[PDB]
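Peer 1: so I've got this experimental structure, pasted below with the sequence.
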Amino acid sequence: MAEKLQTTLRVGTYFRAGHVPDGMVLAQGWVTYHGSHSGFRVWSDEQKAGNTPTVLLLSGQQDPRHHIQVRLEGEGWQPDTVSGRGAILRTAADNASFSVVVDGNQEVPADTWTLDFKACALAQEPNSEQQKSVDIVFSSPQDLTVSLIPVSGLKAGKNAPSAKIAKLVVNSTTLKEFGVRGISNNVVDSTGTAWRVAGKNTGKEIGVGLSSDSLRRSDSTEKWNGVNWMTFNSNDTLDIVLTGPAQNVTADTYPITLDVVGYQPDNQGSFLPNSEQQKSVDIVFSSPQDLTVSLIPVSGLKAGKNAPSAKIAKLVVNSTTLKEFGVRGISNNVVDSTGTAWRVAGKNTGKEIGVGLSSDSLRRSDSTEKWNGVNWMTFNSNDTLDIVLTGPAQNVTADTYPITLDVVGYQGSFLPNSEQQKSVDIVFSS
């Protein structure tokens with residue numbers, strides 16, 4: 001005696017909030033009743049006014065003040081004047097079709113509207129009905145607001161394990177969940193939660209991905225056109241870190257790029273591509289600087305006859321942590337063993353001058369030590385040394401002379417290799 005109706009009801013997924021044309025199908029449905037009957041009736045509890053019994057006004061979930069108006073259509077369906085609620089079909093065919101459709105050209109905001117409606121059969125001149133709830137979703141690019149923040153002050157060289165390199169924060173008041181994948185020529189896990197990135201200048205690769213604690217905040221893993229996506233509750237934060245063991249990172253800028261899409265869960269989940277956002281930020285791995293080094297050219301040098309030991313440049317090696325540093329000139333022709341005097345060629349003329357530490361600036365050196373088989377004159381840091389025209393008076397052609405130093409920190413009879421090379425130009429002027 002208990003034989004009951006069978007509805008199928010397929011809703012749309014890709015609805016973009018905004019303007020919708022009247023007649024736009026939102027759902028398609030079929031009812032199937034095999035017993036004795038003379039028609040079908042589908043109706044709602046969300047109905048509008050007793051005289052338009054086909055029309056429905058729907059209040060949104062995110063905020064009940066959002067409104068969409070729909071109507072029960074179908075070929076052969078006419079309004080149920082008898083009840084005042086719903087639409088009726090007349091046929092003894094066991095199977096009939098019907099559509100739900102926006103009524104009136106409207107502007108629909110971004111929300112989800114529950115459309116719970118009811119279906120039953122009519123006997124030959126109540127029996128057993130079916131009830132279904134189902135959500136229409138309208139989505140917009142602004143549904144979830146995303147922010148990807150690069151971490152400040154990373155240093156090159158070997159980094160800490162799982163070093164935090166970005167922060168993804170996703171917020172939303174419309175959508176309940178979101179999925180995220182990296183975008184890279186080289187992803188290394190099925191879910192796109194770990195990939196590799198090339199530095200813009202070097203081309204060297206680092207391995208990045210989601211932190212071990214961000215991965216555990218995922219509600220589920222979904223397929224979307226064959227690709228695995230991890231899903232997360234919106235209004236949460238995921239951390240992008242340096243995956244795997246501790247990396248040795250070349251000093252460079254690395255671009256990480258994320259694919260973020262809204263997800264509407266359902267025990268039948270769907271992704272909302274209208275809500276999708278891709279964002280890219282640059283992560284800077286700067287090189288670590290034990291020795292702050294400032295080399296500054298003297299200003300107002302003029303071509304022609306110059307003074308013996310005339311000051312050309314001033315170098316100041318300031319270190320907050322290390323006391324003694326060594327120094328050498330870099331050139332194709334150094335004139336003494338210690339590397340403290342050498343010769344520099346003009347860019348435009350290519351004629352050279354003799355530059356070097358001033359005699360006064362020498363013998364402020366603590367010692368002279370051996371590193372790499374070459375000798376370095378050590379000094380005390382936070383002292384300032386001056387570069388000068390070495391030896392006799394010099395007649396310098398007006399040109400720009402690139403001076404280049406090589407400084408290393410030393411004290412302890414060893415030299416730590418955060419040596420730096422800095423190079424300024426010196427201008428002579430007719």
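Peer 2: Noted; the coordinates are in hand. Numbering: from 1, shown residues only.
Peer 1: wait, what's in contact with the nearest residue to residue 6 once chain neighbours are set aside?
Peer 2: Spatial nearest neighbour of residue 6, excluding adjacent residues (C-beta to C-beta, 6 or more residues apart in numbering): residue 32 at 4.2 Å. Backbone N, C-alpha and C define where each C-beta goes, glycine included. Applying C-beta atoms under 8 Å, 6 or more residues apart in numbering to residue 32 gives the contacts 5-7, 94-95.
Peer 1: do residue 338 as well
Peer 2: Residues counted as contacts of residue 338 (C-beta under 8 Å, 6+ apart) are 328, 368, 375-377.
Peer 1: now do 6 Å
Peer 2: By C-beta atoms under 6 Å, 6 or more residues apart in numbering, the contact set of residue 338 is 375, 377.
Peer 1: if I look at it, how far off is residue 55?
Peer 2: 95 Å (C-beta to C-beta, to the nearest Å).
Peer 1: swap in residue 248?
Peer 2: With C-beta to C-beta as the criterion, residue 248 and residue 55 are 67 Å apart.
Peer 1: could you do residue 322 as well?
Peer 2: 80 Å.
Peer 1: where exactly do the helices run in the stretch 201-350 of the chain?
Peer 2: Per DSSP state H, counting those that start in this stretch, the stretch 201-350 of the chain carries helices over the ranges 212-215.
Peer 1: okay, strands next: where are they in it?
Peer 2: Using DSSP state E, counting those that start in this stretch, the strands found in the stretch 201-350 of the chain span residues 205-210, 218-224, 227-233, 236-242, 248-249, 252-264, 270-286, 292-297, 304-306, 311-318, 324-329, 341-345.
Peer 1: winner for burial among those?
Peer 2: Compared across the strands of the stretch 201-350 of the chain, strand 324-329 shows the largest average neighbour count, a mean of 24 (mean count of other C-beta atoms under 10 Å).
Peer 1: packing partners of it?
Peer 2: Strand 324-329 sits against strand 374-380, strand 400-409, with contacts defined as 3 or more C-beta pairs under 6 Å, 6 or more residues apart in numbering; DSSP states H and E.
Peer 1: which is the next helix or strand following the last one?
Peer 2: Right, strand 400-409. Sequence-wise, the next helix or strand downstream of strand 400-409 (DSSP states H and E) is strand 420-427.
Peer 1: and the contacts of that next one?
Peer 2: Counting by C-beta under 6 Å, 6+ apart, 293, 295, 297, 312, 400-407 sit against strand 420-427.
Peer 1: tell me which of these is nearest to residue 243?
Peer 2: residue 293 (34.4 Å; C-beta to C-beta).
Peer 1: who is the closest one paired with across the strands?
Peer 2: Assessed by DSSP bridges, residue 293 has beta-bridge partners residue 317.
Peer 1: does it touch residue 317 like I think?
Peer 2: Yes: counting by C-beta atoms under 6 Å, residue 293 does reach residue 317; the two are 5.4 Å apart.
Peer 1: and for these two, which residues touch both?
Peer 2: By C-beta under 6 Å, 6+ apart, the residues touching both residue 293 and residue 317 are residue 407.
Peer 1: farthest pair in the contacts of strand 420-427?
Peer 2: So, those by C-beta to C-beta: farthest apart are 400 and 407, at 22.1 Å.
Peer 1: more neighbours: which of those two?
Peer 2: Set residue 400 next to residue 407 and count neighbours by other C-beta atoms under 10 Å: residue 407 wins out with 21 against 14.
Peer 1: what's the spacing between the more buried one and residue 324?
Peer 2: Using C-beta to C-beta, residue 407 is found at 11 Å from residue 324.
Peer 1: can you name every helix or strand that the helix or strand hosting residue 180 contacts?
Peer 2: Element membership for residue 180, per DSSP H and E: strand 177-182. Secondary-structure packing of strand 177-182 (3+ C-beta pairs under 6 Å, 6+ apart): strand 227-233, strand 252-264.
Peer 1: of the ones you listed, which is nearest residue 144?
Peer 2: Closest among the helices and strands packed on strand 177-182, using C-beta to C-beta: strand 252-264, at 5.5 Å.
Peer 1: who does that closest one pair up with?
Peer 2: In the sheet, strand 252-264 lines up with strand 177-182 (antiparallel), strand 270-286 (antiparallel) (DSSP bridges).
Peer 1: which other residues reach it?
Peer 2: 137, 143-144, 146, 166, 175, 177-181, 183, 197, 199-202, 206, 208, 231, 270-272, 275-280, 282-285.
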